[PDB]
Structure formats: structure tokens, C-alpha cells
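Since the structure comes first, as C-alpha cells, the remarks are kept for the end.
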Amino acid sequence: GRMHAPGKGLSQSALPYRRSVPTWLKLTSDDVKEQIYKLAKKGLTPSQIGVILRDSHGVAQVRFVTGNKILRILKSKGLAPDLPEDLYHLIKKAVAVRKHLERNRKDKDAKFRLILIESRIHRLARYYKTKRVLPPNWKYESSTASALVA
Amino acid sequence: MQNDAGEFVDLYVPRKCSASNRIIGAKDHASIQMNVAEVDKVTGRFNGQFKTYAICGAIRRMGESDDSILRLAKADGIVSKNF
Amino acid sequence: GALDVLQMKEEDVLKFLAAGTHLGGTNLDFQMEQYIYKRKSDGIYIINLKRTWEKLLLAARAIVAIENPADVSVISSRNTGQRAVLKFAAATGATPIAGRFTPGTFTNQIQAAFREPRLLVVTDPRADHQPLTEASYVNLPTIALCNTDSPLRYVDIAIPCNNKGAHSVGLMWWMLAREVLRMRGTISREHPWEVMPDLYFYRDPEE
Amino acid sequence: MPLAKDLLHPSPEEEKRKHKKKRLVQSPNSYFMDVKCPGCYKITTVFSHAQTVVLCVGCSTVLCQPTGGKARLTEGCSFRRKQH
Amino acid sequence: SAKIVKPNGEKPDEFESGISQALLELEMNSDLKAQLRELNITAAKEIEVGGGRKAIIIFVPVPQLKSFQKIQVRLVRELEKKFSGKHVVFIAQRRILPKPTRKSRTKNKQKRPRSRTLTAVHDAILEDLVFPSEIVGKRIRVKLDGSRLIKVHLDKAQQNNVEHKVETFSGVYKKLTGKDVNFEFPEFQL
Amino acid sequence: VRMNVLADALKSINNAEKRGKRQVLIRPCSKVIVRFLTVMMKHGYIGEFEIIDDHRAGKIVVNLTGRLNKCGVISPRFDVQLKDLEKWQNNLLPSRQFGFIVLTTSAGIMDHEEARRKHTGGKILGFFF
RNA sequence: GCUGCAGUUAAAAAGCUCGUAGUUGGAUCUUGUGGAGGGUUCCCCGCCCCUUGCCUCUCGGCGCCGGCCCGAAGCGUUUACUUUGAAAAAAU
Ligand SMILES: [Mg+2]
Ligand SMILES: [Mg+2]
Ligand SMILES: [Mg+2]
Ligand SMILES: [Mg+2]
Ligand SMILES: [Mg+2]
Ligand SMILES: [Mg+2]
Ligand SMILES: [Mg+2]
Ligand SMILES: [Mg+2]
Ligand SMILES: [Mg+2]
Ligand SMILES: [Mg+2]
């Protein structure tokens with residue numbers, strides 16, 4: 001099931017077995033490169049690029065018209081942010097919860113949920129570190145953690 | 001069931017369910033021995049020969065002797081597909 | 001049966017449509033699901049009649065394979081069946097049981113009604129549960145007229161039909177008595193039988 | 001269930017009632033379609049479960065809407081399934 | 001050319017040179033010059049099939065093959081009118097690096113990209129045979145003696161563009177690898 | 001969370017033979033399972049079987065006859081040394097006239113009556129009888 | 001009780017969740033014939049790209065009529081596993 005909830009649902013997605021390019025699609029393996037670059041200059045994370053390209057244009061799977069997954073693209077042009085987006089998205093949640101905690105110190109359910117968020121953060125760091133992705137001296141400390149989000 | 005001479009050494013040889021292939025021990029008073037007539041295919045009349053079927057007890061008491069006999073009949077000239 | 005001389009003729013189709021045997025109930029089983037064609041737009045199922053015919057000729061072939069005709073015991077407890085089974089005992093030499101069944105008729109060597117058949121035709125497997133669960137003690141095959149909602153347990157050749165109490169019960173028994181006599185060779189095929197189905201229908205309040 | 005169902009050749013109409021993960025090969029329930037608004041005339045192609053407010057590259061203020069499932073169109077004309 | 005157009009292949013080759021001169025002389029006259037671009041091939045091979053016939057095979061160099069596919073149905077129709085009775089299939093000449101753990105010397109040389117394995121090539125070559133159509137599923141029957149048939153499903157559109165070519169495909173593939181394939185068509189696409 | 005894939009495959013085949021089915025679907029699958037089912041088929045305990053591609057781990061459909069009685073896995077793949085093989089086929093097997101121990105050796109996945117023939121031991125996978 | 005026990009009611013599952021050591025971890029990266037021992041394919045040699053994987057030598061023996069051919073030296077990325085050898089006092 002989940003890792004911190006009890007529920008256990010299957011709501012994933014399911015790719016087509018036919019990996020071929022969609023026969024009718026106009027866009028070609030170089031135009032999407034520039035579309036991705038332009039979309040990234042506005043400041044969109046990889047997932048947001050993916051959903052924009054999936055709705056507004058016909059490219060269902062960036063990885064199939066191109067050869068690469070859309071993060072190695074932002075990497076091989078010096079555009080990926082310094083730290084991955086999941087860790088940023090979790091640290092942003094933790095700093096959101098800590099403010100509410102200090103404003104009303106009786107929200108014990110917020111205390112429990114904050115404990116859970118910080119543990120997920122540690123579990124994700126510990127893995128990014130042994131992948132040569134973060135400085136092995138990396139750390140998550142509240143007051144440092146706020147400035148981290150920028 | 002033979003030995004180093006060949007001659008069989010066995011009280012008897014039980015018969016197996018035709019739908020489950022599990023031998024039918026001699027205290028199973030639910031196994032049945034259905035016996036279905038042939039016809040002569042030109043006049044539509046019974047003529048000597050017939051085809052025999054064995055059905056175990058357990059598959060009979062789980063409600064599956066029906067479809068079993070049906071498939072065993074379709075497997076021969078008794079229904080010839082197109083059901 | 002696969003050939004032509006055994007295929008359903010268009011007058012039997014009209015008897016079936018007149019008695020309403022194709023009309024089923026509102027419920028279903030997971031075992032009678034291959035006999036249904038579809039479900040009507042008000043909540044009732046429809047019985048495929050070619051499957052009815054194939055199962056009918058299979059039961060006919062099961063009765064014809066019994067040498068002495070007198071051990072093909074024919075049971076029916078509900079009213080709508082009684083008159084039918086009595087005519088069946090007249091048509092072919094079988095042995096009727098119409099009324100209450102008196103448990104232990106097959107498995108008691110002391111009772112005065114102890115009879116040891118070799119086959120068992122029975123209407124309505126749900127209202128005759130007792131003869132079925134007693135056939136489960138003496139290696140006794142079974143034949144039965146089920147419905148859209150009839151539990152299949154200890155039955156072997158299920159002839160789907162209305163049998164909810166109708167002209168359909170009588171029609172089914174009459175047609176089964178025709179086909180046993182035909183393929184045993186006691187009456188000739190495609191000369192219509194002198195008997196009339198209404199000899200097998202029930203007494204609704206008379207006059 | 002008859003105790004003898006054959007699984008290598010399922011029903012072409014039952015194979016489409018089971019969840020997308022639970023059928024012999026996985027297959028999405030989504031599709032792509034060519035919407036065509038009245039007025040300004042361009043053939044912009046949209047995902048079904050769009051979850052973005054798309055626009056016509058011209059004279060429209062909106063072209064479809066996000067919902068819990070499939071996007072609902074305003075007045076889009078053709079929206080043919082693109083079938084590749 | 002017709003002799004220098006089979007590099008790394010022991011250039012003097014009779015039938016490959018003949019087919020080379022034929023195909024590049026169709027590249028010579030400007031009738032079909034805007035979609036053929038004087039591009040090289042690398043080998044060719046004609047062999048029997050199981051229906052008392054014969055068919056020919058063209059080995060393309062790999063990075064060209066996406067451009068050959070852009071024209072392949074018109075170009076093969078042109079070659080078959082020029083080669084009545086025979087069939088032309090385009091496959092790239094893929095390299096296979098033996099399994100380093102212990103099949104050749106391991107020397108910390110390089111990683112053996114997973115694209116250069118055995119099975120990656122053995123399934124890409126299978127998709128090159130069927131080109132006008134598309135693979136839509138696979139299956140394998142393990143027969144009662146350990147033997148294997150590969151069941152391949154091909155797309156339902158493009159039928160008459162491959163329908164008569166199913167039985168040459170089995171021969172050429174049994175030739176290239178050794179596996180006994182059979183091709184069918186799916187009743188419904190869901 | 002699915003640590004042992006052979007354990008599921010053999011338990012899945014086994015929970016269905018007792019019920020009386022005629023075909024079973026196994027998911028995921030592997031080279032190991034496919035090799036094991038081949039050993040179970042060369043001897044006649046199951047019928048032929050068909051593997052489904054789906055661009056992930058695949059699925060297998062197996063045709064069962066009634067001849068099978070049990071199959072199972074020994075969960076830690078212990079080592080066996082051809083002098084401790086008898087102490088295994090005397091604890092796991094029902095009689096010295098039928099049944100097979102299946103083990104993986106440097107010469108492939110085989111059954112003990114062949115490991116004795118080629119003079120090698122290895123790691124125990126399971127048994128079927 | 002490792003083979004091999006038990007934990008609803010007989011003796012017994014921490015009130016509840018998080019968490020480092022410990023224990024456990026999904027799928028995936030090479031196959032057919034000509035001879036040999038054993039049959040009617042399949043299981044010491046080399047062949048579809050590979051087959052002890054190569055190299056390049058040098059000093060010393062094995063060949064032919066100097067010139068050319070093949071055994072040795074490097075080891076193949078490392079382990080666990082399995083099999084064989086060596087080496088292990090007598091008495092019991
Ligand atoms: Mg789950
Ligand atoms: Mg969530
Ligand atoms: Mg946990
Ligand atoms: Mg979700
Ligand atoms: Mg997910
Ligand atoms: Mg005790
Ligand atoms: Mg008490
Ligand atoms: Mg207690
Ligand atoms: Mg508790
Ligand atoms: Mg693993």
C-alpha cells in the first residue's frame with residue numbers, strides 16, 4: 001500500500017504496448033527539443049512540461065518521439081535545477097507546516113503529519129546522497145531548511 | 001503396477017474421473033457412471049453402441065458435473081460444436 | 001445431436017413460443033449463464049432455445065440407454081408437474097412418484113417403498129431437493145428442468161426451461177416423451193404424434 | 001465460471017470491461033482527438049482527460065475544461081478519435 | 001557504385017554486385033532522385049523459402065535505415081518489378097558483442113551497451129521484416145518437447161500490404177536466427 | 001512485498017490444481033520459472049504452456065492435467081553436496097519410486113536423478129510430487 | 001520445535017504510529033549443425049558475430065623445404081557455491 005497511510009489503491013497510468021511514433025503527429029524529434037527548452041525557460045519542472053506537451057500538442061510520450069527522458073534533456077543543456085524536484089516539493093511542504101505549527105501550538109495532528117513529512121525527507125535524501133547527486137555533507141535543519149527552498 | 005518380472009500385482013485398477021482425472025476410490029457414493037446412447041445418423045434411431053462417462057463425487061457436489069458432461073459430449077459427435 | 005433429422009422444426013418453435021418456455025426469471029446463476037441469450041429491457045432473462053433442444057436430446061439419449069424401462073424413476077412434487085409425470089409413465093414404461101417423497105425411499109432396505117432406480121428425472125431442482133440429496137448416496141445420475149435461478153448441485157443434464165408453473169412444464173415433459181419414443185423406434189419421425197400436449201397440462205380452476 | 005474457461009483467448013467484449021491493469025496486456029482508456037471550434041478555424045488536437053484549459057491559438061477564450069475524468073468541451077465540433 | 005558499395009564484406013560478390021548496380025542505376029536517372037540519395041548498402045543474400053521459391057535480403061548500414069523506411073514501400077515496389085518473383089526485405093546489419101562475463105575476454109574495456117546484446121538484435125530484426133505493418137503482440141508456445149514457436153500478431157490495417165509475405169518471413173527469419181516464427185492477425189483491436 | 005517470485009508461481013499453480021481448474025495464469029514470470037516449468041513438463045506433470053509478452057515481466061498460461069499432486073519451494077536456497085542429497089530426498093519426497101527434487105547447478109536447472117548422473121550438487125529450489 | 005510447536009476463547013499480539021543498526025528484497029544482458037561416447041534431434045572439437053579471449057614477443061625445443069607455421073609468459077572484473085587434488089598423530 002502507501003508508505004505512511006493505511007489505504008492501498010491502484011491508480012497508476014498504463015502506457016500503450018505499441019512504442020512506435022503516432023503516425024499522424026506533425027512534430028518531429030528536433031522541434032520538441034526547442035519546445036521543451038522554451039517551456040523550461042519560463043520555469044516549469046519536468047512533470048509540468050510533460051503535461052503541457054501531452055494536452056496541448058499530440059506528443060503522448062516525450063521519450064518515444066525523442067530518445068531521451070525529458071530530464072536528461074534539461075541536463076544536457078544546463079537547465080535542471082540544483083536539487084531534484086521531489087525533494088524541493090517535500091521541503092516546501094515541511095516549511096508550510098512549520099509556520100502553521102508555530103502560529104497555533106495545539107494542532108497535534110499537524111505535529112504528527114510534520115513528523116511524517118520529515119521522515120520521508122530523510123529517506124529521500126539518504127538515497128540521493130548515495131547516488132552522487134548531493135554533497136555527502138548535505139543536511140536538513142529547520143532554519144537552514146527554509147532558505148534551502150529558494 | 002508391475003515388478004521385476006512384469007506380472008501385475010494389484011487387487012484392482014480404479015477408474016478416473018473423465019473431467020478431473022482423480023481416481024474414484026471405493027467409498028465414493030456420489031461418483032456416477034453415466035451411459036449415453038448413439039444413433040444411426042440417417043434414420044435418427046438408437047443402434048447398439050453407446051459412450052460411457054465417469055464423473056467424480058467432488059466435482060459433482062460443487063455443481064460442475066453439468067458443464068463437464070456437456071464438454072465431454074461436445075468433444076465427440078454427440079453435439080459437434082455449433083452449440 | 002449434430003445431424004439434420006434431429007434439428008428443431010419450425011412448428012416446435014411455435015409450441016415453445018406459445019407455452020412461453022423461453023421466458024426466464026429475474027435472477028440468475030453463475031452456472032446457468034451459458035444458456036441465456038440476453039436480458040429483456042424489463043428485468044427478465046431469455047433462454048436460448050437451441051441449447052434447450054441440444055440438452056433435451058442429450059437427456060433423451062440418457063433415458064434410451066436403459067435396458068429395462070422400469071427404473072427411470074420420475075419424480076415431481078409441485079402440482080404443476082404431477083399430471084405430467086403420470087402421462088410420462090403411460091408413454092414409456094417409467095415409474096412415477098407424484099406427491100410427497102417420504103425421505104429414505106432410496107436408502108432404507110426396510111421401508112415398503114424402497115426402490116433402487118438407475119436414473120432420475122425430476123422437475124424443479126429447488127423444490128425437490130430431497131430426492132437429489134438422496135441420490136447423492138447411491139450413485140444415481142440425474143436429469144432436471146432448471147430455470148434462470150436454479151441451483152445446480154447433484155444434477156447432471158440441466159434442461160433449461162420456464163417450469164415456473166405454466167403450460168411449459170407440460171410441454172417439456174411431452175416433448176421429452178416424444179423424443180425418447182422416436183429414437184427408441186416405437187413411433188416414426190416426421191409423422192406428427194397422435195397425442196396432443198394438453199394431456200400434460202394442469203387443472204387451473206375448471207369451469 | 002465453468003471450471004474450464006480458456007484464458008489465452010478472452011472475449012473481445014469482456015476484455016474491455018475489466019480494469020486497465022487487469023487485462024492480458026495493459027492498455028490505456030484515454031485517446032487523442034482533433035477539436036474544431038466554431039469561429040476561428042484551426043485543428044488543434046487535445047488529450048481526452050485533458051486536466052488543462054487548452055486554447056485555439058486564436059479567437060477563443062477557452063476550448064475545453066478540466067473535470068474529475070474526461071474533459072468537457074464548450075462547442076468543439078469534430079473531435080474525431082485520431083486512431084493512431 | 002556497384003563494387004565499392006559493400007564495404008567490410010569482401011567486395012567481389014556476384015549477386016550483391018548485380019543487385020547493387022540495378023538499385024543504384026535506379027538511383028542514377030533522375031526519375032527517383034529526390035527520395036533516394038545515392039545512399040550506401042552493405043550486403044545482400046538470396047536464399048530459398050519453404051514454399052519452393054526464393055527471396056533476397058538487403059543489409060542496410062544502421063544510421064541510414066530510418067531514411068530507407070521513409071520510402072521503403074515505393075522503392076521495394078520498384079525493385080520487385082525489376083526482380084520479378086523475388087522479395088526484398090531491408091534489415092540493418094547490427095553488431096553482437098558476446099556476453100562479457102565469460103564468452104570473450106573481459107578487460108574493463110567498455111560496458112557492452114544493452115542495445116548490442118543478443119535478444120535486442122533478435123527482436124529488432126523481427127520488427128524490420130514486417131515493415132509496412134506493425135507488431136501488435138507476441139506469444140511463445142512451449143511444445144511438449146521443449147520446442148518453441150513464436151506467435152506474432154501484426155496490425156489489422158495494412159493487411160494486403162503483407163498478407164502474402166507471411167511465409168517468406170518465416171524462412172528468412174529461421175535463416176537469420178533459427179527460431180520458428182508464425183504470423184497471424186488479431187480479430188479485434190481494443 | 002513480493003520477495004520470492006518462484007514461491008508465488010508454484011503456490012498459484014498448486015492452489016488451482018486442487019480446485020480442479022484446467023488452465024492457470026501466473027504473473028510475474030522469469031527465466032527461473034520458465035526453466036522450472038520445463039522440468040515439470042519433460043516428465044509429464046503438466047501440459048504445454050504459453051508465455052505472454054507485454055513489454056514488462058510477462059505472464060504465463062499453463063495447461064494442467066490431473067497428474068500433478070503437489071509442488072513447492074524451499075524458501076532459503078540451501079546448498080546440497082551429493083552426500084547430503086539423500087537426507088533431502090528422504091525428508092521431502094513421498095516415496096523412492098517417484099517424485100523429484102529440483103535444484104540449480106553449474107550445469108543448469110535439473111532434477112536430482114540427473115545431478116547424480118553428472119556428479120554435481122548445488123542449491124535446492126523446490127520439489128514436485 | 002533448524003528439520004518441527006504455539007499466540008480469538010485453553011498459558012500468550014507491545015495502546016498507537018514513526019525510526020537507525022539487524023534481517024529480507026521485482027523483471028532483464030547468446031543459440032543451431034559436421035565427427036566423437038550414449039540414442040533417434042539432445043547431452044570431447046570447430047563453424048553463422050564468438051568459442052579456452054587475446055596479445056608479442058623473447059630466450060631457450062617441437063616441423064617442412066633461410067622463409068613461414070604452434071606449445072609456453074601475461075591472465076581474463078572480484079567473491080560466495082559445487083566438484084577434484086594436496087596436506088593432515090596413534091589409540092577409540
Ligand atoms: Mg498492491
Ligand atoms: Mg499521495
Ligand atoms: Mg513501514
Ligand atoms: Mg493517483
Ligand atoms: Mg504512481
Ligand atoms: Mg505445546
Ligand atoms: Mg479466561
Ligand atoms: Mg488467553
Ligand atoms: Mg492490537
Ligand atoms: Mg532478483
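As shown in the C-alpha cells, the chain order sets the letters A, B, ...; within each chain, residues go from 1, and ligands are also counted from 1 in the order they appear.
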I want to know what sits within 9 Å of region 122-137 of chain A, based on only C-alpha atoms (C1' of nucleotides), with residues of the same chain fewer than 3 positions away left out; could you give that as an mmCIF file with N, CA and C atoms, in the first residue's frame?
data_model
loop_
_atom_site.group_PDB
_atom_site.id
_atom_site.type_symbol
_atom_site.label_atom_id
_atom_site.label_comp_id
_atom_site.auth_asym_id
_atom_site.auth_seq_id
_atom_site.Cartn_x
_atom_site.Cartn_y
_atom_site.Cartn_z
ATOM 1 N N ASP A 82 19.379 22.640 -9.212
ATOM 2 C CA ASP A 82 20.484 22.063 -8.455
ATOM 3 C C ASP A 82 20.070 20.782 -7.743
ATOM 4 N N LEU A 83 18.893 20.777 -7.126
ATOM 5 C CA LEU A 83 18.416 19.607 -6.421
ATOM 6 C C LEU A 83 17.123 19.112 -7.053
ATOM 7 N N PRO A 84 16.846 17.821 -6.966
ATOM 8 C CA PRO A 84 15.688 17.266 -7.661
ATOM 9 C C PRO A 84 14.388 17.893 -7.201
ATOM 10 N N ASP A 86 11.394 16.395 -6.426
ATOM 11 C CA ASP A 86 10.648 15.768 -5.341
ATOM 12 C C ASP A 86 11.107 16.310 -4.001
ATOM 13 N N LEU A 87 12.418 16.423 -3.818
ATOM 14 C CA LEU A 87 12.924 16.920 -2.551
ATOM 15 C C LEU A 87 12.505 18.360 -2.335
ATOM 16 N N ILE A 117 6.320 13.906 7.353
ATOM 17 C CA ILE A 117 6.957 14.563 6.214
ATOM 18 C C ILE A 117 8.470 14.569 6.376
ATOM 19 N N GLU A 118 8.951 14.934 7.560
ATOM 20 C CA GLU A 118 10.392 14.978 7.754
ATOM 21 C C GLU A 118 11.021 13.603 7.602
ATOM 22 N N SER A 119 10.323 12.545 8.006
ATOM 23 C CA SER A 119 10.905 11.221 7.818
ATOM 24 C C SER A 119 10.979 10.850 6.344
ATOM 25 N N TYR A 140 19.353 18.557 6.586
ATOM 26 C CA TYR A 140 18.062 19.226 6.649
ATOM 27 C C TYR A 140 17.881 19.735 8.069
#
Expected selection as number ranges by chain for ligand 10 within 10 Å, only C-alpha atoms (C1' of nucleotides) and all ligand atoms: F: 3-5, 30; G: 25-27
Gap from CA of residue 188 (chain E) to CA of residue 63 (chain F) - Å, one decimal: 24.7 Å
Surrounding residues as an MDAnalysis selection string, ligand 4, max 10 Å, only C-alpha atoms (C1' of nucleotides) and all ligand atoms: chainID A and resid 9:13
Selection as a PyMOL selection string: residues within 10 Å of ligand 1 by only C-alpha atoms (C1' of nucleotides) and all ligand atoms: (chain A and resi 1-2+7-10) or (chain F and resi 1)
Do me a favour and pick out the residues of chain E within 9 Å of chain G, using only C-alpha atoms (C1' of nucleotides), as a PDB file with N, CA and C atoms, in the first residue's frame.
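This went into result07.pdb:
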ATOM      1  N   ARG E  95      25.550  -5.271 -34.856  1.00  0.00           N
ATOM      2  CA  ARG E  95      26.711  -5.932 -34.279  1.00  0.00           C
ATOM      3  C   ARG E  95      26.296  -6.593 -32.974  1.00  0.00           C
ATOM      4  N   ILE E  96      26.827  -7.784 -32.717  1.00  0.00           N
ATOM      5  CA  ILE E  96      26.540  -8.530 -31.499  1.00  0.00           C
ATOM      6  C   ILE E  96      27.839  -8.724 -30.734  1.00  0.00           C
ATOM      7  N   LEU E  97      27.872  -8.242 -29.493  1.00  0.00           N
ATOM      8  CA  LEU E  97      29.037  -8.392 -28.640  1.00  0.00           C
ATOM      9  C   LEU E  97      28.815  -9.550 -27.686  1.00  0.00           C
ATOM     10  N   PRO E  98      29.681 -10.558 -27.673  1.00  0.00           N
ATOM     11  CA  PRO E  98      29.424 -11.744 -26.849  1.00  0.00           C
ATOM     12  C   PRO E  98      29.366 -11.396 -25.371  1.00  0.00           C
ATOM     13  N   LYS E  99      28.689 -12.243 -24.601  1.00  0.00           N
ATOM     14  CA  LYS E  99      28.397 -11.900 -23.214  1.00  0.00           C
ATOM     15  C   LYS E  99      29.683 -11.834 -22.403  1.00  0.00           C
ATOM     16  N   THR E 101      30.790 -11.683 -19.361  1.00  0.00           N
ATOM     17  CA  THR E 101      31.073 -12.367 -18.104  1.00  0.00           C
ATOM     18  C   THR E 101      32.010 -13.543 -18.331  1.00  0.00           C
ATOM     19  N   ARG E 102      31.584 -14.520 -19.130  1.00  0.00           N
ATOM     20  CA  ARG E 102      32.551 -15.391 -19.780  1.00  0.00           C
ATOM     21  C   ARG E 102      32.010 -15.925 -21.101  1.00  0.00           C
ATOM     22  N   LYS E 103      32.203 -15.159 -22.183  1.00  0.00           N
ATOM     23  CA  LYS E 103      32.157 -15.640 -23.566  1.00  0.00           C
ATOM     24  C   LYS E 103      33.287 -15.089 -24.425  1.00  0.00           C
ATOM     25  N   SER E 104      33.799 -13.898 -24.125  1.00  0.00           N
ATOM     26  CA  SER E 104      35.042 -13.389 -24.677  1.00  0.00           C
ATOM     27  C   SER E 104      35.883 -12.844 -23.531  1.00  0.00           C
ATOM     28  N   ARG E 105      37.071 -12.354 -23.869  1.00  0.00           N
ATOM     29  CA  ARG E 105      37.935 -11.766 -22.857  1.00  0.00           C
ATOM     30  C   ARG E 105      37.286 -10.524 -22.261  1.00  0.00           C
ATOM     31  N   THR E 106      37.233 -10.472 -20.930  1.00  0.00           N
ATOM     32  CA  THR E 106      36.856  -9.268 -20.194  1.00  0.00           C
ATOM     33  C   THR E 106      38.126  -8.536 -19.766  1.00  0.00           C
ATOM     34  N   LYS E 107      38.188  -7.228 -20.040  1.00  0.00           N
ATOM     35  CA  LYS E 107      39.408  -6.452 -19.837  1.00  0.00           C
ATOM     36  C   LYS E 107      39.109  -5.044 -19.325  1.00  0.00           C
ATOM     37  N   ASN E 108      37.910  -4.827 -18.775  1.00  0.00           N
ATOM     38  CA  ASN E 108      37.468  -3.494 -18.348  1.00  0.00           C
ATOM     39  C   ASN E 108      37.404  -2.523 -19.527  1.00  0.00           C
ATOM     40  N   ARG E 112      29.597  -2.765 -22.920  1.00  0.00           N
ATOM     41  CA  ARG E 112      28.712  -3.542 -23.791  1.00  0.00           C
ATOM     42  C   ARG E 112      27.286  -3.016 -23.711  1.00  0.00           C
ATOM     43  N   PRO E 113      26.990  -1.890 -24.358  1.00  0.00           N
ATOM     44  CA  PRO E 113      25.637  -1.325 -24.292  1.00  0.00           C
ATOM     45  C   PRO E 113      24.564  -2.382 -24.500  1.00  0.00           C
ATOM     46  N   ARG E 114      23.511  -2.307 -23.684  1.00  0.00           N
ATOM     47  CA  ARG E 114      22.448  -3.301 -23.742  1.00  0.00           C
ATOM     48  C   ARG E 114      21.738  -3.322 -25.088  1.00  0.00           C
ATOM     49  N   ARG E 116      23.446  -3.813 -27.751  1.00  0.00           N
ATOM     50  CA  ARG E 116      24.276  -4.741 -28.504  1.00  0.00           C
ATOM     51  C   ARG E 116      24.245  -6.147 -27.933  1.00  0.00           C
ATOM     52  N   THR E 117      23.189  -6.497 -27.218  1.00  0.00           N
ATOM     53  CA  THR E 117      23.049  -7.828 -26.656  1.00  0.00           C
ATOM     54  C   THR E 117      22.653  -8.794 -27.766  1.00  0.00           C
ATOM     55  N   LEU E 118      22.244  -9.998 -27.392  1.00  0.00           N
ATOM     56  CA  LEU E 118      21.704 -10.903 -28.395  1.00  0.00           C
ATOM     57  C   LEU E 118      20.232 -10.620 -28.643  1.00  0.00           C
ATOM     58  N   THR E 119      19.427 -10.611 -27.580  1.00  0.00           N
ATOM     59  CA  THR E 119      17.979 -10.586 -27.757  1.00  0.00           C
ATOM     60  C   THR E 119      17.483  -9.247 -28.282  1.00  0.00           C
ATOM     61  N   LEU E 176      18.026 -16.363 -40.424  1.00  0.00           N
ATOM     62  CA  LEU E 176      18.867 -15.384 -39.744  1.00  0.00           C
ATOM     63  C   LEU E 176      19.218 -15.824 -38.329  1.00  0.00           C
ATOM     64  N   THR E 177      18.253 -16.372 -37.593  1.00  0.00           N
ATOM     65  CA  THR E 177      18.491 -16.829 -36.228  1.00  0.00           C
ATOM     66  C   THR E 177      18.318 -18.335 -36.081  1.00  0.00           C
ATOM     67  N   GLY E 178      17.145 -18.869 -36.404  1.00  0.00           N
ATOM     68  CA  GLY E 178      16.870 -20.280 -36.220  1.00  0.00           C
ATOM     69  C   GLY E 178      15.527 -20.534 -35.568  1.00  0.00           C
TER      70      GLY E 178
END
Would you tabulate, counting only C-alpha atoms (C1' of nucleotides), all residues of chain A that have an atom at most 10 Å from an atom of chain G, showing the closest pair of atoms and their distance in Å to one decimal, sorted by chain then ascending number, as JSON lines?
{"residue": "A:4", "atom": "CA", "partner": "G:18", "partner_atom": "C1'", "distance": 9.0}
{"residue": "A:112", "atom": "CA", "partner": "G:18", "partner_atom": "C1'", "distance": 8.9}
{"residue": "A:115", "atom": "CA", "partner": "G:18", "partner_atom": "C1'", "distance": 7.4}
{"residue": "A:116", "atom": "CA", "partner": "G:18", "partner_atom": "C1'", "distance": 6.9}
{"residue": "A:119", "atom": "CA", "partner": "G:18", "partner_atom": "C1'", "distance": 7.7}
